[PDB]
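Here is the structure we will look at, set down as structure tokens.
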Amino acid sequence: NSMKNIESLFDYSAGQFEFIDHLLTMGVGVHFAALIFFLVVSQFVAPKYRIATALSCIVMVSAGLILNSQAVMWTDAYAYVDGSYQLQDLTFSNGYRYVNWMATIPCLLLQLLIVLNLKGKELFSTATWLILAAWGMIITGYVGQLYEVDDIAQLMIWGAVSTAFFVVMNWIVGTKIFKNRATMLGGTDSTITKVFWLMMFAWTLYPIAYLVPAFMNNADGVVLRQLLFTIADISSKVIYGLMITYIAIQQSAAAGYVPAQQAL
Ligand SMILES: CCCCCCCC/C=C\CCCCCCCC(=O)OC[C@H](O)CO
Ligand SMILES: *C/C=C(C)/C=C/C=C(C)/C=C/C1=C(C)CCCC1(C)C
Ligand SMILES: CCCCCCCC/C=C\CCCCCCCC(=O)O
Ligand SMILES: [Cl-]
């Protein structure tokens, strides 16, 4: 897991290494700060959409803990020796991001289906296919990055299979969105279309980070990847769940929930 990542191949200057450390530690604070926000606003959401904000809190801590885990792992693996930080232990890898995405993604998808006003049969059915599509995407992608050092061709093939799931997954998402936005209240039929494009953008940054070993195999590619992961995390989880929350509140107010109508 550790020796399989391009991180293990390079020494890092002080500036590259502190900069990565600060991207992770910052990612933690952003998520734990948003957790408090999502927490305080749960009271202004009608019982119908209130699980959607709870799922945001679950994401913020799930990501926060894996990011904080990367941060520490980052500093335990390297030591400043002779003017550069040099690998000292086999503790750091991006594999724990992948096993994290197995959890956060179903939560990010569920809160979408919730604000879309699905329920019962369709909610359980659409939920099942998306998580299996997402899990297929994640698993094929995890196996592929195990070769980002040894067999790039393999990374390309698994990346290809992973993208097949990704494409099927977004097609289902978009289909349910455009077929059910006429149901949403307070004018959120316009917001949800924006959230979808936000999904398409932020999520597409991930495969771009996945391919960094293929076009930038050096220490500055290790920095660019984390920088890309940071931008994707902040957009796919924080900004994403902020608009999920806005949508939830808006419809709560439009549906006659008083705490929502007074919050707004
Ligand atoms: C190795 C790469 C293999 C993959 C090659 C890519 C080919 C497919 C391209 C884009 C699909 C995008 C799907 C997501 C777009 C959402 C569109 C949508 O939501 O569905 C339309 C809806 O039915 C309207 O009513
Ligand atoms: C908060 C984290 C999120 C929403 C992670 C999303 C991850 C992806 C959309 C990953 C997609 C990949 C492919 C489409 C092919 C290459 C391998 C992956 C797993 C990086
Ligand atoms: C393949 C693994 C299974 C994945 C499917 C997970 C199913 C998720 C289904 C819906 C969970 C959200 C329930 C929220 C309903 C709100 C209604 C209420 O609580 O009164
Ligand atoms: Cl995550």
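Here, residue 1 is the first one in the sequence, and each next residue gets the next number. Atom set for the values below is all heavy atoms of this structure, side chains included, hydrogens, waters and symmetry mates excluded.
Note on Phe201: it clusters hydrophobically with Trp101, by side-chain heavy-atom contacts below 4.5 Å among ILVMFWY residues. Hydrophobic clustering (side-chain heavy atoms under 4.5 Å, transitive across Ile, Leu, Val, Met, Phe, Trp, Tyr) groups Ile138 together with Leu132. In the hydrophobic clustering of ILVMFWY residues, with side-chain heavy atoms under 4.5 Å counting as a link, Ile114 and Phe124 come out apart. In the hydrophobic clustering of ILVMFWY residues, with side-chain heavy atoms under 4.5 Å counting as a link, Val45 and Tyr257 come out apart. Under the 4.5 Å side-chain heavy-atom criterion for grouping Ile, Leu, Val, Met, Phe, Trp and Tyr, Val258 is not connected to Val41 through any hydrophobic cluster.
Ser56 approaches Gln111 most closely through the heavy-atom pair OG-NE2, 2.9 Å. Taking both residues in full, the closest heavy atoms of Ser162 and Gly141 are given as CB-N, 4.1 Å, listed atom of the first, atom of the second, then distance. Across every non-hydrogen atom of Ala71 and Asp21, the tightest pair is O-OD1, 3.9 Å. Taking each heavy atom of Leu55 and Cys107 in turn, the nearest pair found is CD1-O, 3.9 Å. Between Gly186 and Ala254, the closest heavy-atom pair is N-CB, 3.6 Å.
No hydrogens or angles considered: a donor-acceptor pair under 3.5 Å links the side chains of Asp220 and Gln16. Using a 3.5 Å distance cut-off with no hydrogens or angles, the side chains of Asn5 and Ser93 do not pair a donor with an acceptor. Using modelled atom types and a 3.5 Å distance limit, the side chains of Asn94 and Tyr210 yield no donor-acceptor pair. Residues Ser236 and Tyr206 have side chains that bring a donor and an acceptor to within less than 3.5 angstrom of each other.
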task = Starting from the C-alpha separation in whole Å, work towards a yes-or-no answer on side-chain contact (heavy atoms from CB on, under 4.5 Å) for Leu211 and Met216.
result = CA-CA 8 Å; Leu211 292 172; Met216 212 179 298; over 6 Å; no
key: Derivation and outcome, side-chain contact (heavy atoms from CB on, under 4.5 Å), residues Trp203 and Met169   = CA-CA 12 Å; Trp203 287 42; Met169 188 200 80; 3.2 Å; yes
task = Determine, stepwise, if the pair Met184 / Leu116 fulfils side-chain contact (heavy atoms from CB on, under 4.5 Å).
result = CA-CA 7 Å; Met184 306 182 66; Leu116 260 177; 3.9 Å; yes
query = For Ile244 and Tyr240, what are the C-alpha separation, side-chain angles and deciding distance, and is it a side-chain contact (heavy atoms from CB on, under 4.5 Å)?
reply = CA-CA 6 Å; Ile244 300 299; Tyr240 172 76; 3.7 Å; yes
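Annotation: the span from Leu109 atom CG to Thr126 atom OG1 amounts to 11.0 Å, rounded to 0.5 Å. One finds the NZ atom of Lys237 at 14.0 Å from the CG atom of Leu242 (value rounded to the nearest 0.5 Å). Here the CG-OG1 distance, from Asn170 to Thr204, works out to 7.0 Å after rounding to the nearest 0.5 Å. Here the straight-line distance linking atom CG of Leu23 with atom CD1 of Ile234 works out to 9.0 Å at 0.5 Å rounding. From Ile139, atom CD1 reaches atom CE of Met137 across 10.5 Å, with rounding to the nearest 0.5 Å. Interatomic distance, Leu130 CG to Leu112 CG, rounded to the nearest 0.5 Å: 8.5 Å.
Residues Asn117 and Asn180 are not in side-chain contact: their nearest non-hydrogen atoms beyond the backbone lie 4.5 Å or more apart.
Side chain of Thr91 to backbone of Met73: a donor-acceptor contact under 3.5 angstrom is found. Using modelled atom types, no side-chain atom of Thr188 and backbone atom of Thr191 make a donor-acceptor pair closer than 3.5 Å. Although no hydrogens or angles enter the test, the distance criterion places no donor-acceptor pair under 3.5 Å between the side chain of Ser190 and the main chain of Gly187. In this structure a side-chain-to-backbone donor-acceptor pair under 3.5 Å is missing from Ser62 to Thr104. Although no hydrogens or angles enter the test, the distance criterion places a donor-acceptor pair under 3.5 Å between the side chain of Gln251 and the main chain of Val115. Here the side chain of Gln145 pairs a donor or acceptor atom with the backbone of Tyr142 at under 3.5 angstrom. One N or O on the side chain of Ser42 and one on the backbone of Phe38 form a donor-acceptor pair closer than 3.5 Å. Under a 3.5 Å cut-off, the side chain of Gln261 and the backbone N or O of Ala253 do form a donor-acceptor pair.
Screening residues 146-200 for ring-ring contact (aromatic ring centres under 6.0 Å, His included) gives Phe178-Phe196 as the qualifying pairs, with residues at least two apart or on separate chains. Residue pairs that meet the salt bridge (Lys or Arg N to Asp or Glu O under 4.0 Å) test with at least one member in residues 83-110, sequence neighbours left out, are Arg97-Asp233. For residues 156-176, the pairs satisfying salt bridge (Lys or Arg N to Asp or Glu O under 4.0 Å) are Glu122-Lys176, with sequence neighbours left out. Residue pairs meeting the salt bridge (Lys or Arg N to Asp or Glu O under 4.0 Å) criterion with at least one partner in residues 187-197, sequence neighbours excluded, do not occur; the list is empty.
Scored by the salt bridge (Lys or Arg N to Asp or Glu O under 4.0 Å) test, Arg225 finds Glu7, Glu148 as partners (sequence neighbours excluded). For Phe44, the ring-ring contact (aromatic ring centres under 6.0 Å, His included) test picks out no residue, with sequence neighbours left out.
Annotation: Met3, atom CE; neighbour count of heavy atoms from other residues, nucleotides and ligands within 6.0 Å does not exceed 12. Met156 CE: 12 or fewer foreign heavy atoms inside a 6.0 Å radius.
The one candidate from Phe10, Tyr12, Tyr85 that meets the ring pair (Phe, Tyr, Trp, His ring centres under 6.0 Å) condition with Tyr78 is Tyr12.
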